[PDB]
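Just the one chain here, laid out as structure tokens, in the form deposited in one PDB entry.
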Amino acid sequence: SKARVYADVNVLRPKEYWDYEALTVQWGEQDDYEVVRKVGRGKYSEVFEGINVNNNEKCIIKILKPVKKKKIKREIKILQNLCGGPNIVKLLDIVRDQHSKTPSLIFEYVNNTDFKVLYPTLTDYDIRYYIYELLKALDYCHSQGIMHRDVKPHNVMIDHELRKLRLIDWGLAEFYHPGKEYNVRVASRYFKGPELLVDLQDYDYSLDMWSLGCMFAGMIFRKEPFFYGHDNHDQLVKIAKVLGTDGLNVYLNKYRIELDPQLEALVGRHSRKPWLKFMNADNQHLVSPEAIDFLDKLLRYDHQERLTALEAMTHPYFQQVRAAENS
């Protein structure tokens, strides 16, 4: 398998662009930045609102939990390569403490609105607008030869007052190289594409489009997360109960993948459930024929069949968002 778009980006760019292990980190001054308050955390980092004591401006301080040198370099190089792109979080500095050598990444600040309280209040137009803004970030990083590999609501920061979106946390991102076999232990469970769940390792940018489709399904159907598996096997079962097993079998045969017998047993046999079966009183104002058409073109087993980010942006679902921007 190979990407249908942007496959040669790292083939044509200098090795320095993608050879992140060759990066020499130019460490800044830890004392330039002071923690104010903790705002978030995850398995790999803690995030703090901070202050730059020179200009007394706000920043975000991301203090990394212990990680291999190779992985830190990967995140840094990717952030540097993407810096300035649309809706990409901006890395401003990189520092570490003398005694323990714990690294922190310093980012621009933004007034984030918690997705768990925000999403229930989004209107139809808001969903179209924010998904379009997220697509801009994904088409950009894909065009720069990078797969994010951890798209989920927690990694999409929205300042709802300013209608400003940023795609964050590039710690799981990778450079795309045609034919490369990648680790499938990426993404949050609920956002893992079928390729990860069946051990198809030569995946590509299209992984991010499955994750995006899961977020979009969650928004329009008011179900978060949309596919709620308890472990990775159960995750595939949840997907198969919606998309049906006929399509799964076609996909597995095309890519010459055999499921672990155990997983095969758990998946069983299921008919496809039409997207309209998910409509109800709570979500009805968000569920339109354009929304369903768009969704159906993202949530496909076969990664090669999914819309690219650029194609997604031109779908008529977003026509009003494009018209507003084009003026």
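Note that the rigid core is defined as the largest set of C-alphas that superpose within 1.5 Å between two forms. Residues that one form lacks are left out of the comparison. Numbering starts at 1 and follows the sequence shown.
- In this crystal structure, the stretch out of 102 to 110 and 187 to 195 whose C-alpha atoms carry the higher mean B factor is 102 to 110.
- 204 to 212 and 230 to 238 differ in mean CA B-factor, and the higher of the two is recorded for 230 to 238.
- Remark: of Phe294, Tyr44, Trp27, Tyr301, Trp27 shows the highest value [criterion: C-alpha B-factor in the PDB entry].
- Looking at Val250, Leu138, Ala217, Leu79, the one whose CA carries the top B-factor in the deposited record is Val250.
- Looking at the C-alpha B-factors along this chain, the one for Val117 belongs to the middle third.
- Ranked within its chain, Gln320 lands in the lowest third, by CA B factor from the PDB record.
- When the modelled residues of the chain are ordered by their C-alpha B factor, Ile257 lands in the highest third.
- Sort the chain's modelled residues by C-alpha temperature factor and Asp246 lands in the highest third, per the entry.
- Per the deposited record, the Cα B-factor of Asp150 falls in the lowest third when ranked against the other modelled residues of its chain.
There is also a form deposited with a partner chain bound; it is not shown, and the following applies to it.
- Site residues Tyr251, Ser288 and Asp296 are none of them in contact with its partner chain in the deposited bound form, judged by any heavy atom within 4.5 Å.
- Only one of 115 to 123, 84 to 92, 209 to 217, 196 to 204 lies within 4.5 Å of its partner chain in the deposited bound form by heavy atoms, and it is 115 to 123.
- When contacts are judged by a 4.5 Å heavy atom cut-off, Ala265 does not count as touching its partner chain in the deposited bound form.
- In the deposited bound form, its partner chain sits beyond 4.5 Å of every heavy atom of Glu57.
- Using a 4.5 angstroms limit between non-hydrogen atoms, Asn232 is distant from its partner chain in the deposited bound form.
- Although the partner is absent here, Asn111 lies within 4.5 Å of its partner chain in the deposited bound form, judged by heavy atoms.
- Of the residues given (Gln80, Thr245, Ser188, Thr102), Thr102 alone sits with a heavy atom within 4.5 Å of its partner chain in the deposited bound form.
- Contact with its partner chain in the deposited bound form, judged by any heavy atom within 4.5 Å, is made by just one of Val67, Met279, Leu259, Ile63: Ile63.
- By the rule of 2 Å per CA over three or more consecutive residues, the rigid core superposition between this form and the one not shown yields one shifted run, at 97 to 100.
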